[PDB]
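Next up, run_26.csv (CSV, N, CA and C atoms):
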chain,number,residue,atom,x,y,z
S,12,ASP,N,57.9,5.3,-23.6
S,12,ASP,CA,57.8,6.6,-23.1
S,12,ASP,C,56.4,7.2,-23.1
S,13,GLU,N,56.2,8.3,-22.5
S,13,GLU,CA,54.8,8.9,-22.5
S,13,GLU,C,54.5,9.4,-24.0
S,14,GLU,N,55.5,9.8,-24.8
S,14,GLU,CA,55.2,10.2,-26.1
S,14,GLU,C,54.7,9.0,-26.9
S,15,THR,N,55.3,7.8,-26.7
S,15,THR,CA,54.9,6.6,-27.4
S,15,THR,C,53.5,6.2,-27.0
S,16,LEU,N,53.2,6.4,-25.7
S,16,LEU,CA,51.9,6.1,-25.2
S,16,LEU,C,50.8,7.0,-25.8
S,17,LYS,N,51.2,8.3,-26.0
S,17,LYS,CA,50.3,9.2,-26.7
S,17,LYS,C,50.1,8.8,-28.1
S,18,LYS,N,51.1,8.3,-28.8
S,18,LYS,CA,51.0,7.8,-30.2
S,18,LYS,C,50.1,6.6,-30.2
S,19,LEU,N,50.3,5.7,-29.3
S,19,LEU,CA,49.5,4.4,-29.3
S,19,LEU,C,48.0,4.8,-29.0
S,20,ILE,N,47.7,5.7,-28.1
S,20,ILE,CA,46.3,6.0,-27.8
S,20,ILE,C,45.7,6.7,-28.9
S,21,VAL,N,46.4,7.6,-29.6
S,21,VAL,CA,45.9,8.3,-30.8
S,21,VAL,C,45.5,7.2,-31.8
S,22,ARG,N,46.5,6.3,-32.1
S,22,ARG,CA,46.2,5.3,-33.2
S,22,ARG,C,45.0,4.5,-32.8
S,23,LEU,N,44.9,4.1,-31.6
S,23,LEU,CA,43.8,3.2,-31.1
S,23,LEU,C,42.5,3.9,-31.2
S,24,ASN,N,42.5,5.2,-31.0
S,24,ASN,CA,41.2,6.0,-31.1
S,24,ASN,C,41.0,6.7,-32.5
S,25,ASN,N,41.9,6.4,-33.4
S,25,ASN,CA,41.8,7.0,-34.7
S,25,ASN,C,41.4,6.0,-35.8
S,26,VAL,N,42.3,5.2,-36.2
S,26,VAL,CA,42.0,4.2,-37.3
S,26,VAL,C,40.9,3.3,-36.9
S,27,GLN,N,40.0,3.0,-37.9
S,27,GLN,CA,38.9,2.1,-37.7
S,27,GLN,C,39.0,0.8,-38.5
S,28,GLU,N,40.2,0.5,-38.9
S,28,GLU,CA,40.5,-0.8,-39.5
S,28,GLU,C,40.9,-1.9,-38.5
S,29,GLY,N,40.4,-3.1,-38.9
S,29,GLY,CA,40.7,-4.3,-38.0
S,29,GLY,C,42.1,-4.6,-37.8
S,30,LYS,N,42.9,-4.6,-38.8
S,30,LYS,CA,44.4,-4.9,-38.7
S,30,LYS,C,45.1,-3.9,-37.9
S,31,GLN,N,45.0,-2.6,-38.2
S,31,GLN,CA,45.9,-1.6,-37.6
S,31,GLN,C,45.6,-1.5,-36.1
S,32,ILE,N,44.3,-1.5,-35.7
S,32,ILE,CA,43.9,-1.3,-34.3
S,32,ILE,C,44.4,-2.6,-33.5
S,33,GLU,N,44.2,-3.8,-34.1
S,33,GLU,CA,44.6,-5.0,-33.4
S,33,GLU,C,46.1,-5.0,-33.2
S,34,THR,N,46.9,-4.6,-34.2
S,34,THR,CA,48.3,-4.6,-34.1
S,34,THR,C,48.8,-3.6,-33.0
S,35,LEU,N,48.2,-2.4,-33.0
S,35,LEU,CA,48.6,-1.4,-32.0
S,35,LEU,C,48.2,-1.8,-30.6
S,36,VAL,N,47.1,-2.5,-30.5
S,36,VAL,CA,46.6,-3.0,-29.2
S,36,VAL,C,47.5,-4.0,-28.7
S,37,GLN,N,47.9,-5.0,-29.5
S,37,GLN,CA,48.9,-6.0,-29.1
S,37,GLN,C,50.2,-5.4,-28.7
S,38,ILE,N,50.7,-4.3,-29.4
S,38,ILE,CA,51.9,-3.6,-29.0
S,38,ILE,C,51.7,-3.0,-27.7
S,39,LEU,N,50.6,-2.3,-27.4
S,39,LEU,CA,50.3,-1.8,-26.1
S,39,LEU,C,50.3,-2.8,-25.0
S,40,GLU,N,49.7,-4.0,-25.3
S,40,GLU,CA,49.7,-5.1,-24.4
S,40,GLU,C,51.2,-5.6,-24.1
S,41,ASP,N,52.0,-5.6,-25.1
S,41,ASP,CA,53.4,-5.9,-24.9
S,41,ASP,C,54.1,-4.9,-24.0
S,42,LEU,N,53.8,-3.6,-24.2
S,42,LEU,CA,54.4,-2.6,-23.4
S,42,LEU,C,53.9,-2.7,-21.9
S,43,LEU,N,52.6,-3.0,-21.7
S,43,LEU,CA,52.0,-3.1,-20.4
S,43,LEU,C,52.6,-4.3,-19.6
S,44,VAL,N,52.9,-5.4,-20.3
S,44,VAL,CA,53.3,-6.6,-19.7
S,44,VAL,C,54.6,-6.5,-19.0
S,45,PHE,N,55.6,-5.7,-19.6
S,45,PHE,CA,56.9,-5.6,-19.1
S,45,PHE,C,57.0,-5.1,-17.7
S,46,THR,N,58.1,-5.3,-17.0
S,46,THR,CA,58.4,-5.0,-15.6
S,46,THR,C,59.3,-3.8,-15.4
S,47,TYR,N,59.5,-3.0,-16.5
S,47,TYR,CA,60.4,-1.9,-16.4
S,47,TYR,C,59.9,-0.8,-15.5
S,48,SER,N,58.6,-0.5,-15.6
S,48,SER,CA,58.0,0.6,-14.8
S,48,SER,C,56.5,0.4,-14.9
S,49,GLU,N,55.7,1.4,-14.3
S,49,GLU,CA,54.3,1.5,-14.4
S,49,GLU,C,53.8,2.5,-15.4
S,50,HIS,N,54.5,2.5,-16.6
S,50,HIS,CA,54.1,3.5,-17.6
S,50,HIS,C,52.7,3.2,-18.1
S,51,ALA,N,52.3,1.9,-18.3
S,51,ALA,CA,51.0,1.6,-18.7
S,51,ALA,C,50.0,2.1,-17.7
S,52,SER,N,50.3,2.0,-16.4
S,52,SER,CA,49.5,2.5,-15.3
S,52,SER,C,49.8,3.9,-15.0
S,53,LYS,N,49.4,4.8,-16.0
S,53,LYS,CA,49.7,6.2,-16.0
S,53,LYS,C,48.7,7.0,-15.1
S,54,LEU,N,47.8,6.3,-14.4
S,54,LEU,CA,46.8,6.8,-13.5
S,54,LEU,C,45.7,7.6,-14.2
S,55,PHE,N,45.8,7.7,-15.5
S,55,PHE,CA,44.7,8.3,-16.2
S,55,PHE,C,43.5,7.4,-16.3
S,56,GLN,N,43.8,6.1,-16.6
S,56,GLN,CA,42.8,5.0,-16.7
S,56,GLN,C,41.6,5.3,-17.6
S,57,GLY,N,41.9,6.1,-18.7
S,57,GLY,CA,40.9,6.5,-19.6
S,57,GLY,C,40.3,5.3,-20.4
S,58,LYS,N,39.0,5.2,-20.3
S,58,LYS,CA,38.3,4.1,-21.0
S,58,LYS,C,38.4,4.2,-22.5
S,59,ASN,N,38.7,5.4,-23.1
S,59,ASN,CA,38.9,5.5,-24.5
S,59,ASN,C,40.0,4.7,-25.1
S,60,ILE,N,40.9,4.1,-24.3
S,60,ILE,CA,41.9,3.2,-24.8
S,60,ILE,C,41.2,1.9,-25.3
S,61,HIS,N,40.2,1.4,-24.6
S,61,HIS,CA,39.6,0.1,-24.8
S,61,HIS,C,38.1,0.1,-25.2
S,62,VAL,N,37.4,1.2,-25.0
S,62,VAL,CA,36.0,1.3,-25.4
S,62,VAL,C,35.9,1.2,-26.9
S,63,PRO,N,36.6,2.0,-27.7
S,63,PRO,CA,36.6,1.7,-29.2
S,63,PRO,C,37.0,0.3,-29.6
S,64,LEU,N,38.0,-0.3,-28.8
S,64,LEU,CA,38.4,-1.7,-29.1
S,64,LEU,C,37.3,-2.7,-28.9
S,65,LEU,N,36.6,-2.6,-27.8
S,65,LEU,CA,35.4,-3.5,-27.6
S,65,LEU,C,34.3,-3.2,-28.5
S,66,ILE,N,34.1,-1.9,-28.9
S,66,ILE,CA,33.1,-1.5,-29.9
S,66,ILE,C,33.4,-2.2,-31.2
S,67,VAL,N,34.6,-2.2,-31.7
S,67,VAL,CA,35.0,-2.9,-32.9
S,67,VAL,C,34.9,-4.4,-32.8
S,68,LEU,N,35.3,-4.9,-31.6
S,68,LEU,CA,35.2,-6.4,-31.4
S,68,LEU,C,33.7,-6.9,-31.5
S,69,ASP,N,32.8,-6.1,-30.8
S,69,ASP,CA,31.4,-6.5,-30.9
S,69,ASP,C,30.8,-6.3,-32.2
S,70,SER,N,31.1,-5.1,-32.9
S,70,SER,CA,30.5,-4.8,-34.2
S,70,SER,C,31.1,-5.8,-35.3
S,71,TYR,N,32.4,-6.0,-35.3
S,71,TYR,CA,33.0,-6.9,-36.3
S,71,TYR,C,33.2,-8.2,-35.7
S,72,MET,N,32.1,-9.0,-35.5
S,72,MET,CA,32.2,-10.3,-34.9
S,72,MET,C,33.0,-11.3,-35.7
S,73,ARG,N,33.1,-11.1,-37.1
S,73,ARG,CA,33.9,-11.9,-37.9
S,73,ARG,C,35.4,-11.6,-37.8
S,74,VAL,N,35.8,-10.5,-37.2
S,74,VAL,CA,37.2,-10.1,-37.1
S,74,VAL,C,37.8,-10.8,-35.9
S,75,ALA,N,38.4,-12.0,-36.1
S,75,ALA,CA,39.0,-12.8,-35.1
S,75,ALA,C,40.2,-12.2,-34.5
S,76,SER,N,41.0,-11.4,-35.2
S,76,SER,CA,42.2,-10.8,-34.7
S,76,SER,C,41.9,-9.9,-33.5
S,77,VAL,N,40.9,-9.0,-33.6
S,77,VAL,CA,40.6,-8.2,-32.4
S,77,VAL,C,39.9,-9.1,-31.4
S,78,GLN,N,39.1,-10.0,-31.8
S,78,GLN,CA,38.4,-10.9,-30.9
S,78,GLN,C,39.3,-11.7,-30.0
S,79,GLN,N,40.6,-11.9,-30.5
S,79,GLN,CA,41.6,-12.6,-29.8
S,79,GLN,C,42.5,-11.7,-29.0
S,80,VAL,N,42.8,-10.5,-29.5
S,80,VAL,CA,43.8,-9.7,-28.8
S,80,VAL,C,43.2,-8.7,-27.8
S,81,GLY,N,41.9,-8.4,-28.0
S,81,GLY,CA,41.3,-7.4,-27.1
S,81,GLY,C,41.1,-8.0,-25.7
S,82,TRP,N,40.8,-9.3,-25.6
S,82,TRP,CA,40.7,-10.0,-24.3
S,82,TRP,C,42.0,-10.0,-23.6
S,83,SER,N,43.1,-10.2,-24.3
S,83,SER,CA,44.5,-10.2,-23.7
S,83,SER,C,44.8,-8.8,-23.2
S,84,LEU,N,44.5,-7.8,-24.1
S,84,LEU,CA,44.8,-6.4,-23.8
S,84,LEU,C,44.0,-5.9,-22.5
S,85,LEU,N,42.7,-6.3,-22.4
S,85,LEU,CA,42.0,-5.9,-21.2
S,85,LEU,C,42.4,-6.6,-20.0
S,86,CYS,N,42.8,-7.9,-20.2
S,86,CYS,CA,43.4,-8.6,-19.0
S,86,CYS,C,44.7,-8.0,-18.5
S,87,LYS,N,45.6,-7.6,-19.4
S,87,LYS,CA,46.8,-6.9,-19.1
S,87,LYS,C,46.5,-5.6,-18.4
S,88,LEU,N,45.5,-4.8,-18.9
S,88,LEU,CA,45.2,-3.5,-18.4
S,88,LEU,C,44.6,-3.7,-16.9
S,89,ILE,N,43.8,-4.7,-16.7
S,89,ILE,CA,43.2,-4.9,-15.4
S,89,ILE,C,44.3,-5.4,-14.4
S,90,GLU,N,45.2,-6.3,-14.9
S,90,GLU,CA,46.2,-6.8,-14.0
S,90,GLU,C,47.3,-5.8,-13.7
S,91,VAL,N,47.5,-4.8,-14.6
S,91,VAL,CA,48.5,-3.8,-14.4
S,91,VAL,C,48.0,-2.6,-13.7
S,92,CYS,N,46.9,-2.0,-14.2
S,92,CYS,CA,46.3,-0.8,-13.6
S,92,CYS,C,45.5,-1.2,-12.4
S,93,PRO,N,45.8,-0.8,-11.2
S,93,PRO,CA,44.9,-1.1,-10.0
S,93,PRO,C,43.6,-0.5,-10.1
S,94,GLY,N,43.4,0.7,-10.8
S,94,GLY,CA,42.2,1.4,-10.9
S,94,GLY,C,41.3,1.0,-12.0
S,95,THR,N,41.6,-0.1,-12.8
S,95,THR,CA,40.8,-0.6,-13.8
S,95,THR,C,39.4,-1.1,-13.3
S,96,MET,N,39.4,-1.8,-12.2
S,96,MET,CA,38.2,-2.3,-11.6
S,96,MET,C,37.3,-1.2,-11.2
S,97,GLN,N,37.8,-0.2,-10.5
S,97,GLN,CA,37.0,1.0,-10.1
S,97,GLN,C,36.5,1.8,-11.2
S,98,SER,N,37.4,1.9,-12.3
S,98,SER,CA,37.0,2.7,-13.5
S,98,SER,C,35.9,1.9,-14.3
S,99,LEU,N,35.9,0.6,-14.2
S,99,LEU,CA,34.9,-0.2,-15.0
S,99,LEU,C,33.5,0.1,-14.6
S,100,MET,N,33.2,0.0,-13.3
S,100,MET,CA,31.9,0.3,-12.8
S,100,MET,C,31.9,1.6,-11.9
S,101,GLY,N,31.1,2.6,-12.3
S,101,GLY,CA,31.0,3.8,-11.6
S,101,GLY,C,32.3,4.6,-11.7
S,113,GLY,N,27.5,-1.2,-19.1
S,113,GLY,CA,28.9,-1.3,-18.8
S,113,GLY,C,29.6,-2.3,-19.6
S,114,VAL,N,30.9,-2.7,-19.2
S,114,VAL,CA,31.7,-3.6,-20.0
S,114,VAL,C,31.1,-5.0,-19.9
S,115,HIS,N,30.3,-5.3,-18.9
S,115,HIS,CA,29.7,-6.7,-18.8
S,115,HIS,C,28.9,-7.0,-20.1
S,116,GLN,N,28.1,-6.1,-20.6
S,116,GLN,CA,27.3,-6.3,-21.8
S,116,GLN,C,28.3,-6.6,-23.0
S,117,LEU,N,29.4,-5.8,-23.1
S,117,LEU,CA,30.3,-6.1,-24.1
S,117,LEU,C,31.0,-7.4,-24.1
S,118,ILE,N,31.4,-7.9,-22.8
S,118,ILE,CA,32.1,-9.1,-22.7
S,118,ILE,C,31.1,-10.3,-23.0
S,119,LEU,N,29.8,-10.2,-22.5
S,119,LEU,CA,28.9,-11.3,-22.8
S,119,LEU,C,28.5,-11.3,-24.3
S,120,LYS,N,28.5,-10.1,-24.9
S,120,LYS,CA,28.3,-10.1,-26.4
S,120,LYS,C,29.4,-10.8,-27.1
S,121,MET,N,30.7,-10.5,-26.6
S,121,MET,CA,31.8,-11.2,-27.2
S,121,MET,C,31.8,-12.7,-27.1
S,122,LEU,N,31.3,-13.2,-25.9
S,122,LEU,CA,31.2,-14.6,-25.7
S,122,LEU,C,30.1,-15.2,-26.5
S,123,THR,N,29.0,-14.5,-26.7
S,123,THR,CA,27.9,-15.1,-27.4
S,123,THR,C,28.1,-15.0,-28.9
S,124,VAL,N,28.7,-13.9,-29.4
S,124,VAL,CA,28.7,-13.7,-30.9
S,124,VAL,C,29.4,-14.7,-31.7
S,125,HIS,N,30.7,-14.8,-31.4
S,125,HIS,CA,31.6,-15.7,-32.2
S,125,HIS,C,32.5,-16.6,-31.4
S,126,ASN,N,32.4,-16.6,-30.1
S,126,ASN,CA,33.3,-17.4,-29.2
S,126,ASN,C,33.0,-18.8,-29.2
S,127,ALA,N,32.8,-19.4,-30.4
S,127,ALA,CA,32.6,-20.9,-30.5
S,127,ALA,C,33.9,-21.7,-30.6
S,128,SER,N,35.0,-21.0,-30.8
S,128,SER,CA,36.3,-21.7,-30.9
S,128,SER,C,37.0,-21.7,-29.5
S,129,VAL,N,37.9,-22.6,-29.4
S,129,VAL,CA,38.6,-22.8,-28.1
S,129,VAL,C,39.5,-21.6,-27.7
S,130,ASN,N,40.2,-21.0,-28.7
S,130,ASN,CA,41.1,-19.9,-28.5
S,130,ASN,C,40.4,-18.7,-27.9
S,131,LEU,N,39.3,-18.3,-28.5
S,131,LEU,CA,38.5,-17.2,-28.0
S,131,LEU,C,37.8,-17.5,-26.7
S,132,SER,N,37.4,-18.8,-26.5
S,132,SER,CA,36.6,-19.1,-25.3
S,132,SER,C,37.5,-19.2,-24.1
S,133,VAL,N,38.7,-19.6,-24.2
S,133,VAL,CA,39.6,-19.7,-23.0
S,133,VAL,C,39.9,-18.3,-22.5

Would you give me this structure, written as structure tokens?
Amino acid sequence: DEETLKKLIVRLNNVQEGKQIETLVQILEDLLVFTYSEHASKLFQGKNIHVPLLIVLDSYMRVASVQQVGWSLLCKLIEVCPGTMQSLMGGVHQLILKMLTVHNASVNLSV
């Protein structure tokens, strides 16, 4: 529901710990993946859902949980929200190249 979405976005923009944010991010990816409706594509397309996530992923390069789940979450967001591409540019390219360079020496993060 929209209330659950507000809860998830609050959590994602509130707690600064690696475990909590990664778990709630994966839960939001699960919600987004489903075919029930376009609840994830709420037309807001606020970057605050994923900008702190990529900030944590780049800053905490040793945190493999976020380094593994944030890629999936952003993939689900792009594939679900049609406005993700337009909202990205006008950036995230620096963040994604930093993620690839920092600790993506393992197969799971590289794929």

Between S:44, S:37, S:14, S:53, which residue has the minimum interatomic distance to residue 94 of chain S, considering only C-alpha atoms?
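Of all the options, S:53 lies closest to residue 94 of chain S.
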
I'd like the neighbourhood of residue 77 of chain S as a PyMOL selection string, where a residue qualifies if any of its atoms comes within 7 Å (using only N, CA and C atoms), though same-chain residues fewer than 5 positions away should be ignored.
chain S and resi 29+32-33+67-68+82

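Atom to atom, atom C of residue 97 of chain S and atom C of residue 61 of chain S stand 14.2 Å apart.
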
If we count all atoms listed in the file and set the cut-off at 7 Å, which residues sit around residue 64 of chain S, ignoring sequence neighbours fewer than 4 positions away in its own chain? Please answer as a list in words.
residues 23, 59, 60, 68, 69 and 81 of chain S

Go through segment 28-98 of chain S and flag each residue having an atom no more than 8 Å from segment 117-126 of chain S; for those, report the closest pair of atoms plus their distance in Å to one decimal, using only N, CA and C atoms, ordered by chain and rising number, as a Markdown table.
| residue | atom | partner | partner_atom | distance |
| --- | --- | --- | --- | --- |
| S:65 | C | S:117 | CA | 6.6 |
| S:66 | N | S:117 | CA | 7.4 |
| S:68 | C | S:121 | CA | 6.4 |
| S:69 | CA | S:121 | N | 5.9 |
| S:72 | C | S:125 | CA | 5.8 |
| S:73 | N | S:125 | CA | 6.9 |
| S:78 | CA | S:121 | CA | 7.6 |

Backbone DSSP call of helix (DSSP H, G or I) for segment 63-120 of chain S, listed as number ranges by chain:
S: 63-70, 75-91, 95-99, 114-120

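When only N, CA and C atoms are used to compute distances to residue 88 of chain S, the closest of the residues S:43, S:35, S:15, S:21 turns out to be S:43.
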
Pick out the closest residue to residue 93 of chain S from this set: S:52, S:116, S:128, S:79. Count all atoms listed in the file.
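The shortest atom-to-atom distance to residue 93 of chain S comes from S:52.
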
Atom CA of residue 80 of chain S to atom CA of residue 36 of chain S, distance in Å rounded to a single decimal
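Atom-to-atom, atom CA of residue 80 of chain S and atom CA of residue 36 of chain S are spaced 7.3 Å apart.
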
Quick check, in Å to one decimal: how far apart do atom C of residue 19 of chain S and atom C of residue 98 of chain S lie?
19.3 Å
